[PDB]
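Every number for a ligand or one of its atoms is a count from 1 in the order of the listing. Order of the sequence lines fixes the chain letters, A, B, ..., with proteins taken first and strands second; residue numbering starts at 1 for each chain.
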Amino acid sequence: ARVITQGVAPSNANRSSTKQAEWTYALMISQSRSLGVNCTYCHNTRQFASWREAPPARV
Amino acid sequence: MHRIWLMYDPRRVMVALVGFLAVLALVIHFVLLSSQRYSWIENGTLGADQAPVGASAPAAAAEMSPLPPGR
Amino acid sequence: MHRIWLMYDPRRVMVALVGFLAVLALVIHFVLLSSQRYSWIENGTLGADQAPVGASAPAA
Amino acid sequence: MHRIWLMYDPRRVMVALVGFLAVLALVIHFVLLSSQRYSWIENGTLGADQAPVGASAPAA
Amino acid sequence: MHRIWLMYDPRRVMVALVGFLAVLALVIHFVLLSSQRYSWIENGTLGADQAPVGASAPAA
Amino acid sequence: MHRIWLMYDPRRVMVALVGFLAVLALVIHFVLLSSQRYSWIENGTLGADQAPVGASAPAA
Amino acid sequence: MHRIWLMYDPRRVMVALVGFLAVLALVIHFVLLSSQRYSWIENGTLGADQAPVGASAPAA
Amino acid sequence: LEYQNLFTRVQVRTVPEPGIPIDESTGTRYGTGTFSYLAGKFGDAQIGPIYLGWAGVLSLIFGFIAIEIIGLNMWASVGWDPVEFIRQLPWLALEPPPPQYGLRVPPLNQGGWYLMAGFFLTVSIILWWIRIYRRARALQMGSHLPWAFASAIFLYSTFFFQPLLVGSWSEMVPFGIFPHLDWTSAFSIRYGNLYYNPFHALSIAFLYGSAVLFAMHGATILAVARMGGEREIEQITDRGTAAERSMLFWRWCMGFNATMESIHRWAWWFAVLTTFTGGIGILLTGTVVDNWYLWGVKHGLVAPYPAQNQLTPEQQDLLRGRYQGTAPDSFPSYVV
Amino acid sequence: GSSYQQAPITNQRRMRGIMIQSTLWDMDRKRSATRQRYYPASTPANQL
Amino acid sequence: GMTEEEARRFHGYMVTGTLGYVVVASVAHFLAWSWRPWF
Amino acid sequence: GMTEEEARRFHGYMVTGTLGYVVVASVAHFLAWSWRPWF
Amino acid sequence: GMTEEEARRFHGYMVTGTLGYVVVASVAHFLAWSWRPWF
Amino acid sequence: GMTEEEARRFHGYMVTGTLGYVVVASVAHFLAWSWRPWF
Amino acid sequence: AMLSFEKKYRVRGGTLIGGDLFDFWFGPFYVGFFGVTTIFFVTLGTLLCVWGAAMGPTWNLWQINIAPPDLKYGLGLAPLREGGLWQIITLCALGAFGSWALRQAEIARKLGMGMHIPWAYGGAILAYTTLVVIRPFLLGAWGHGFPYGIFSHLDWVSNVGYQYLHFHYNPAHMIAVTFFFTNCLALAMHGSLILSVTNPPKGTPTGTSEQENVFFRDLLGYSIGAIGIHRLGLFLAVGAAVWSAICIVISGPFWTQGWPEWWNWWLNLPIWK
Amino acid sequence: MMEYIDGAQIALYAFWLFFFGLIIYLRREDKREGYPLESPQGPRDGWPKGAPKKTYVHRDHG
Amino acid sequence: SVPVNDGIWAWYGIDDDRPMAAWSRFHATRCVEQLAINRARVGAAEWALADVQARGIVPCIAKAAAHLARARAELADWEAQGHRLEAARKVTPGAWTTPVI
Ligand SMILES: CCCCCCCCCCCCCC(=O)OC[C@H](COP(=O)(O)OCC(O)COP(=O)(O)OC[C@@H](COC(=O)CCCCCCCCCCCCC)OC(=O)CCCCCCCCCCCCC)OC(=O)CCCCCCCCCCCCC
Ligand SMILES: CCCCCCCCCCCCCC(=O)OC[C@H](COP(=O)(O)OCC(O)COP(=O)(O)OC[C@@H](COC(=O)CCCCCCCCCCCCC)OC(=O)CCCCCCCCCCCCC)OC(=O)CCCCCCCCCCCCC
Ligand code: BCL
Ligand SMILES: CC[C@H]1c2cc3[nH]c4c(c3C)C(=O)[C@H](C(=O)OC)c4c3nc(cc4[nH]c(cc(n2)[C@@H]1C)c(C(C)=O)c4C)[C@@H](C)[C@@H]3CCC(=O)OC/C=C(\C)CCC[C@H](C)CCC[C@H](C)CCCC(C)C
Ligand SMILES: *[C@H]1O[C@H](CO)[C@@H](O[C@@H]2O[C@@H](C)[C@H](O)[C@@H](O)[C@H]2O)[C@H](O)[C@@H]1O[C@H]1O[C@H](C(=O)O)[C@@H](O[C@H]2O[C@H](CO)[C@@H](O)[C@H](O)[C@H]2NC(C)=O)[C@H](OC(C)=O)[C@H]1OC(C)=O
Ligand SMILES: COC(C)(C)C/C=C/C(C)=C/C=C/C(C=O)=C/C=C/C(C)=C/C=C/C=C(C)/C=C/C=C(\C)CC/C=C(C)/C=C/C=C(\C)C(=O)O
Ligand SMILES: COC(C)(C)C/C=C/C(C)=C/C=C/C(C=O)=C/C=C/C(C)=C/C=C/C=C(C)/C=C/C=C(\C)CC/C=C(C)/C=C/C=C(\C)C(=O)O
Ligand SMILES: COC(C)(C)C/C=C/C(C)=C/C=C/C(C=O)=C/C=C/C(C)=C/C=C/C=C(C)/C=C/C=C(\C)CC/C=C(C)/C=C/C=C(\C)C(=O)O
Ligand SMILES: COC(C)(C)C/C=C/C(C)=C/C=C/C(C)=C/C=C/C(C)=C/C=C\C=C(C)\C=C\C=C(C)\C=C\C=C(C)\C=C\CC(C)(C)OC
Ligand SMILES: CCCCCCCCCCCCO[C@@H]1O[C@H](CO)[C@@H](O[C@H]2O[C@H](CO)[C@@H](O)[C@H](O)[C@H]2O)[C@H](O)[C@H]1O
Ligand SMILES: CCCCCCCCCCCCO[C@@H]1O[C@H](CO)[C@@H](O[C@H]2O[C@H](CO)[C@@H](O)[C@H](O)[C@H]2O)[C@H](O)[C@H]1O
Ligand SMILES: CCCCCCCCCCCCO[C@@H]1O[C@H](CO)[C@@H](O[C@H]2O[C@H](CO)[C@@H](O)[C@H](O)[C@H]2O)[C@H](O)[C@H]1O
Ligand SMILES: [Fe+3]
């Protein structure tokens, strides 16, 4: 489900579409509602990709 | 029938007509170019017996993928 | 019955009429082209015996 | 009865009528076209006994 | 009772009346069309015993 | 009593009243229609013993 | 035929024509350059027997 | 209680309504002036005749067909049901092509109508620009308005060029009320939080500054409208006490002032720079920078917070996922 | 995927918007609106 | 606006036009009911 | 605007124009019917 | 405005150009049809 | 505005310009066809 | 220094508080009592911001971050190094902004102007007060305020939005956005029109209100007129801030679910339920 | 191969140089009225020095 | 539309300009106010006509005469109300001691 690049510049490693980010966003709304929580329960939304900035519940 | 040009200014009708005809022409070419059977830029060299038929299904291709590789 | 043109300015009526017919013609062609049975640009060469029908396969 | 046309300008009424009937007629056709039973572009060639019917009694 | 038409312009009343009846009629038809029991375009051919009924008390 | 129709314009108060009753009646019907007990378009044919009742007090 | 220039000012029509031809030419080049068969900046040196061709009917 | 100039109690009407003054060729004024009492209570009353010319007429034909294609695809997507067309309207979309097509022409249902609607809309917008430009010249006015409108068109065009530069039409904005907001949010997700794009931050500063300025300037002119301050052209050519007092208010408040003319230059640039800096920020996204937060870490924008979690080395290998791939095109049985 | 198999037409969504399953369909459960989400069955006439 | 004679004249067309249209709609419903009855 | 004998002249063209259009559309339908009937 | 003489002159060119254009389009369809028929 | 003889002089260049453009486009199309035919 | 016409305007009077005591200028600036309180709060607040930077991890301008307290402190003052400093700076901010609006009222009264500018600024103060006073009070802890830091407050905006899953679906936010966008369009048209009549192409005479009116009427179909466009610009710019205040105060205190599921009422209208 | 310098940063300083140029231009335009300033030490111009006062050609008659 | 003088309150049926033959204190108050205004409005309209006749500008004289005639017609409408209220004031016991007109 990952779509975010782990570097500053664009690269062959990630060619995700904005449509694929829409699909992950759909999936994540489903998970949030399934628990009765919002995105900040598992993310710091300044970086959805980040694990260090996110609570342990993301693991 | 020529009295239609008294009722409408031909200088205005000619602009509306050229507009209508250009949009219609462009619509039909873009419609055909998006079809399987008539996408002549890619498949125009095919004979009439081997151009696609019946490709009317709405999801002929996958909706979700990465972009094509950067090379 | 031509006295309807005394009641309405034909110069406005013909613009309204032509405008209406063009949009109606466009809508109907788009509805048909969106259908399975009458998507004629892909399936126009099919005979009527093999054109799509909006029913499921028999014996359920 | 005709004195109703002294109360209202028939040029305004007859336009309002044509507008109403045109939109109403379109609505009805599209309400039918989007049903299962009257989706006549896909299924109009089905016989009346073959045409769909909505679900009925609730239990086995 | 006709004195009411001295108190009000009858052409204003007829416009307000006819518009009220039109909207009210449409609202009722769309309410019914959205219901299960009276979805008559899909299920109008069902007999009165076959037509849907909303859920009862459990009475278990 | 009747001198109130000197203090207020009859022609005007009647419109205000008739508009108020129209709004009140429609609100009450729509409140009932969205209940369970009185969703009469779906369940109106149920007998009074058989119609829904809101959940009771009994609890552990 | 020349009287068209009495009806339309050629200092307008010339500019409109040049603009139309510019955008049309740019569109057609862009459509071709985006295609597989005619992406000539990358594949222009391929011979005609080597250039891409779009699919076929899958007629066995 | 003091008269606030927010509402006009007494309008006046002229039996004739003003017409267009000059240059009637290649195009003509449609209609004739009429008065609106409500518009005449907000502002000036004449709902006017209107000008199109060749460019305006063609702009409407192209733009009508674009909107017609958008609406008919929306209506087809709920199966032509006219009740669902209204009920679901803000969720409906005409959607870009699938990503694996890149820049190739896609199938008609799968984004081929999208590109066609986008083409006619773009041509329509350019013809409307030509209309505005020609009309400014014909009224013997400066071209300040068409260059202001060109800045908006610049931002709009980046929603074509950035998808072109990343190489796929699938990255374009869907035509739809909520869908284009879904795209807007997902674009910031894909590219790693657009708040750290510095041209996005600049565009916001100019968007806010445009609201600051029109609030300040709108309030300033109403505060001196009791002295004819709203007759701004007269105040520019023949400075009255209304212009002097509005200059002194801002000088005494914040230590510097504009003039009655040059305040309109501040206004013009703040509006124009909103969409111009915005467009640059889009064009850099996915082409030069692919994760703006990491660009912000590199350049020192990102405030440090204490860690909320720490990964062990084997979790750093376990908790990496996969980049998202293709949807499954089969319905597996698990019977064996 | 190495190649694409097209789904049965009754499994193909009419709505191409990516998020509509979360933003609408998880709260909308009107029967007629539900039925419209997928293309209906479609068969060559000589196979009826 | 109109005279009483003009209203009288127009009303004859309007009533006849309306009832004519309703007659054509009646045949359309006859054809539709024969093809696929709704009750 | 329109004169009586100006309106009557215009009406003649409108009738033959309408009829000519309806004829072409009728041929268009019967041709489409022969190709792929909808009932 | 136009004179009727001027309108008649314009109508001659307009009808001729329209029918000429339709004839050219008729040939373009003959070529398209013989390349790849659509029915 | 142009006079009729001023217009008829302009028309001669316009036709020649159009013919020249179409000729260049024809040679371009024939080069393109010989390089990579589209039918 | 003074503008060439300024001196005759520099009279006494028009103050709300203090009378002649502070009724004087300092360079271009009018002082007044609310000038004195402005400088006090500005200075105290700014130096406490510098103190916040000093005890934080960096002097990098973009990264300085003076954060509110933990939610556990509720409506009390927290320890100063644990968010109590943010609370003291917030009081200075409220004092500085209020003093600024009242000083604007004194200036306007001295010039015989209407009170439009102070009240227009009140729209912005309302939004700030909503963000740091009203919404945190309704939620029961000052820690719901945003942090003072050029980019850390954007992290707060991001996270508050995603507390409601898809903040674009907030209906008051859609209105607020529409006002902000419509304001910027209207500002570009008003600026362009005045400049284009006052700065026509070389050798053209100066334009007129009639030309401006004609052109505008071809843009929108109707004449707004001179006072009308300034009413519109004020309505749009201040309405944007008021609807912003509404959109954030309903998020949390009144609506707690995701914003997309608020739209369920539209799907269930009885005509099409 | 420059690690720190990247196109987004280069663009941003390009903008800053334009923007500070623009503020100067606008502050020159803002001084076409009311300047030079009166002062007990004689005239003052501020900075930048203002553009000169415009004279406006009126519509010749109408 | 709302009438000018009762405005928003006309939505609630307060409408004191309407022709009233019974005695009513509210209509009497209104009529005394509107008589004074309309007498002054006639006085202004005939001053305006005299001024424009002195200037001799015929189309302005024509309009000023039309305006004066209209102003007189409105004053007569209020004087009719004043008299019919005067008739009622004499007989309805609770009514004012001061005349209405
Ligand atoms: C990269 C993204 C691009 C993406 C593509 C983006 C393209 C955007 C282009 C926008 C251009 C706007 C320019 C403009 O508005 O000028 C004002 C003028 C209206 O004013 P006017 O007063 O009414 O004009 C008539 C006349 O009075 C003007 O006289 P003036 O004295 O002012 O001079 C203006 C002329 C100068 O004259 C000429 O250039 C003509 C000379 C003809 C010589 C012929 C040769 C004979 C001698 C042989 C030797 C000759 C030796 C030379 O110039 C102009 O200002 C217009 C210049 C042409 C504009 C072309 C626009 C297309 C540009 C494409 C660029 C592609 C990219 C490179 O209007 C126009 O020019 C119209 C522009 C053309 C629009 C055509 C309509 C588009 C339809 C598209 C349909 C496409 C699908 C079929
Ligand atoms: C984010 C995107 C959108 C961001 C959007 C930001 C927009 C900001 C626009 C406004 C900025 C300019 C403000 C202004 O003009 O104030 C008047 C003052 C003095 O000139 P004057 O008014 O014509 O003449 C009066 C003076 O000569 C004699 O007056 P008096 O004898 O009565 O009073 C004593 C003197 C002492 O002088 C000073 O104290 C001046 C100190 C100015 C420091 C602040 C500069 C800010 C520059 C920001 C632009 C940029 C700098 C990099 O005069 C005064 O007391 C005047 C007090 C004026 C107080 C103005 C405070 C403005 C603070 C704005 C802070 C903005 C922060 C963003 O002007 C100046 O001192 C020079 C300003 C020159 C324009 C800035 C151009 C910068 C270009 C890049 C550097 C160029 C290097 C050569
Ligand atoms: C989760 C969402 C993301 C986000 C994602 C984006 C994206 C993605 C974009 C922006 C962009 C912008 N964002 Mg941001 N944005 C977020 C948070 C914010 C916040 C905030 C308080 O949090 C604010 C104030 C802003 C503010 C802004 C603006 C400054 C800027 C748009 C300028 C403009 O005028 O656009 C409005 C103006 C236009 C769109 C121009 C249109 C002009 C054309 C010509 C009009 C055509 C009309 C046509 C004729 C008719 C159409 C008919 C119909 C088709 C039927 N964003 C977060 C971080 N933002 C844009 C930008 O520039 O980014 C750098 C952009 O593309
Ligand atoms: C500086 C930045 C800001 C800005 C500026 C700006 N926008 C502008 C302008 C300016 C200065 C204009 O001059 C221009 C304008 O016209 O303003 C009124 C415009 C404009 N800004 C627009 C919108 C807009 N601006 C936006 C934003 C902004 N614009 C920025 C905030 C947004 C946002 C925030 O998303 C939008 C949606 C438009 C209203 C307008 C450009 C109009 C245009 O190009 O229209 C083209 C035509 C059509 C789309 C077709 C309409 C068809 C109709 C359905 C009628 C059909 C009739 C008939 C059936 C056909 C014809 C038949 C013939 C025979 C006659
Ligand atoms: C049906 O087929 C599709 C297409 O393969 C499967 O989806 C794949 O897996 C998803 C992770 C991904 O989203 C999608 O892009 C695609 O890669 C889908 O899950 C179904 O899978 C079953 O059928 C597969 C098939 O393609 O036939 C089959 O795959 C295996 O067999 C084929 C044919 O022999 C061979 O080409 C494949 O390499 C092989 N794949 C693997 C990973 O072994 C699946 O079998 C297995 C073990 O995966 C089927 O899956 C199941 C559980 O039955
Ligand atoms: C969800 O529910 C859903 C599914 C929606 C279902 C529910 C549907 C509902 C609620 C339907 C309601 C329908 C309805 C009312 O409400 C329907 C009412 C319909 C009516 C009244 C139709 C009237 C038609 C009249 C016509 C066509 C007139 C033609 C006139 C002609 C031709 C002559 C013109 C004049 C001439 C020539 C003379 C000029 C002479 C002159 C000038 C002279 O001589 O001078
Ligand atoms: C998917 O399917 C859905 C959509 C769901 C299904 C539903 C569909 C629905 C509801 C359809 C409704 C259709 C409809 C309803 O009425 C359709 C009505 C159609 C009509 C009336 C067409 C009329 C056409 C008339 C024409 C073309 C006339 C041409 C005239 C010409 C050329 C001559 C012009 C004049 C001249 C030359 C004289 C000048 C002389 C002068 C000036 C002189 O002499 O002075
Ligand atoms: C989606 O579909 C896709 C994929 C896009 C496919 C479909 C594409 C389609 C539908 C294409 C349509 C193409 C088309 C349709 O009409 C194309 C029509 C093209 C035309 C008409 C071209 C005409 C060119 C004419 C030119 C260049 C003239 C030049 C003239 C010159 C140089 C002389 C100037 C005058 C002089 C020097 C004299 C001055 C004297 C004076 C002043 C004096 O003497 O006074
Ligand atoms: C019967 O008539 C009906 C009832 C259908 C009429 C009603 C219609 C309705 C209801 C329409 C509703 C429309 C709505 C709600 C539209 C919403 C639109 C929104 C909100 C759009 C927002 C953003 C869209 C953007 C930014 C799109 C940008 C697209 C661009 C720039 C596309 C450019 C494409 C180009 C230049 C294509 C070129 C063609 C190729 C590439 C092939 O060749 C050069
Ligand atoms: C497709 C739907 C619409 C179809 C409408 C047509 C329906 C077919 C029946 C038409 C029958 C016409 O029948 C009759 O015609 C005459 C023609 O003068 C009309 O007569 C009317 O006009 C004449 C002459 O202008 C007047 O003198 C007369 O007083 C007036 O009634 C009648 O009012 C109408 O009743
Ligand atoms: C001519 C533009 C259209 C070309 C279309 C393709 C070729 C087909 C037409 C071949 C004949 C040339 O076209 C023919 O030109 C003559 C004049 O020369 C036009 O004649 C027209 O104008 C002349 C005056 O110039 C009038 O007297 C005449 O009544 C009128 O019809 C004809 O209407 C047209 O039919
Ligand atoms: C898909 C298309 C989307 C298009 C969206 C269009 C949305 C348009 C919504 C318009 C809503 C107007 O709603 C109106 O807003 C203004 C904003 O000032 C509110 O007004 C409010 O602010 C003003 C200041 O401006 C105060 O003086 C006033 O006391 C206060 O109530 C009104 O009380 C409210 O009635
Ligand atoms: Fe202004």
Protein heavy atom under 4.0 angstrom of [atom], is there one?
{"atom": "atom 27 (O) of ligand 10", "value": "no"}
{"atom": "atom 16 (C) of ligand 10", "value": "no"}
{"atom": "atom 11 (C) of ligand 9", "value": "yes"}
{"atom": "atom 8 (C) of ligand 10", "value": "no"}
{"atom": "atom 2 (C) of ligand 10", "value": "yes"}
{"atom": "atom 12 (C) of ligand 10", "value": "yes"}

Can you report which non-hydrogen protein atom sits closest to [atom], along with the distance?
{"atom": "atom 17 (C) of ligand 9", "answer": "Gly176(H) N, 3.8 Å"}
{"atom": "atom 4 (C) of ligand 9", "answer": "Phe85(H) CE2, 4.1 Å"}
{"atom": "atom 34 (C) of ligand 10", "answer": "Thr16(J) OG1, 3.4 Å"}
{"atom": "atom 27 (C) of ligand 9", "answer": "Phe175(H) CE2, 3.7 Å"}
{"atom": "atom 6 (C) of ligand 12", "answer": "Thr178(N) CG2, 4.2 Å"}
{"atom": "atom 23 (C) of ligand 9", "answer": "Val173(H) CG1, 3.8 Å"}
{"atom": "atom 22 (O) of ligand 10", "answer": "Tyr13(J) OH, 3.0 Å"}
{"atom": "atom 31 (O) of ligand 10", "answer": "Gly12(J) CA, 3.8 Å"}
{"atom": "atom 8 (C) of ligand 9", "answer": "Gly71(H) CA, 3.5 Å"}
{"atom": "atom 29 (C) of ligand 9", "answer": "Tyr114(H) OH, 3.8 Å"}
{"atom": "atom 30 (C) of ligand 10", "answer": "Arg9(J) O, 3.9 Å"}

- Heavy-atom distance to atom 43 (O) of ligand 9: which of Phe64(H), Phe161(H), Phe30(G), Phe30(C) wins? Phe30(G)
- Compare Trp75(H), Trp169(H), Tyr156(H), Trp183(H) and give the one whose heavy atom is closest to atom 31 (C) of ligand 9. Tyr156(H)
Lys/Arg N to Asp/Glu carboxylate O, [X] vs [Y], below 4.0 Å:
{"X": "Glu22(A)", "Y": "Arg190(H)", "value": "no"}
{"X": "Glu5(K)", "Y": "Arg8(K)", "value": "yes"}
{"X": "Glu84(H)", "Y": "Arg87(H)", "value": "yes"}

Compute the ring centroids of [X] and [Y], then answer whether they are less than 6.0 Å apart.
{"X": "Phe42(H)", "Y": "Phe235(N)", "value": "no"}
{"X": "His2(D)", "Y": "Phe10(J)", "value": "no"}
{"X": "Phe175(H)", "Y": "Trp113(H)", "value": "no"}

- Item | Any N/O pair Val24(J)/ligand 10 closer than 3.5 Å | no
Does [X] have more than 12 heavy atoms from other residues, nucleotides or ligands lying within 6.0 Å of its [atom1]?
{"X": "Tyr3(H)", "atom1": "OH", "result": "yes"}
{"X": "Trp119(N)", "atom1": "CH2", "result": "no"}
{"X": "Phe276(H)", "atom1": "CZ", "result": "no"}

- Item | Check: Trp243(N) N/O within less than 3.5 Å of ligand 12 N/O | yes
- Message: Would you compute the distance between atom OG1 of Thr285(H) and atom CD of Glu171(H) and round it to the nearest 0.5 angstrom?
- Response: 12.5 Å
- Determine whether any heavy atom of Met74(H) lies closer than 4.0 Å to an atom of ligand 9. yes
As an exercise, identify every atom of ligand 9 less than 4.0 angstrom from a heavy atom of [X].
{"X": "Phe159(H)", "answer": "26 (C)"}
{"X": "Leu115(H)", "answer": "37 (C)"}
{"X": "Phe119(H)", "answer": "34 (C), 35 (C), 37 (C), 38 (C), 39 (C)"}
{"X": "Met172(H)", "answer": "30 (C), 32 (C), 33 (C), 34 (C)"}
{"X": "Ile70(H)", "answer": "13 (C)"}

- Distance-only N or O hit between ligand 9 and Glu68(H), under 3.5 Å: yes
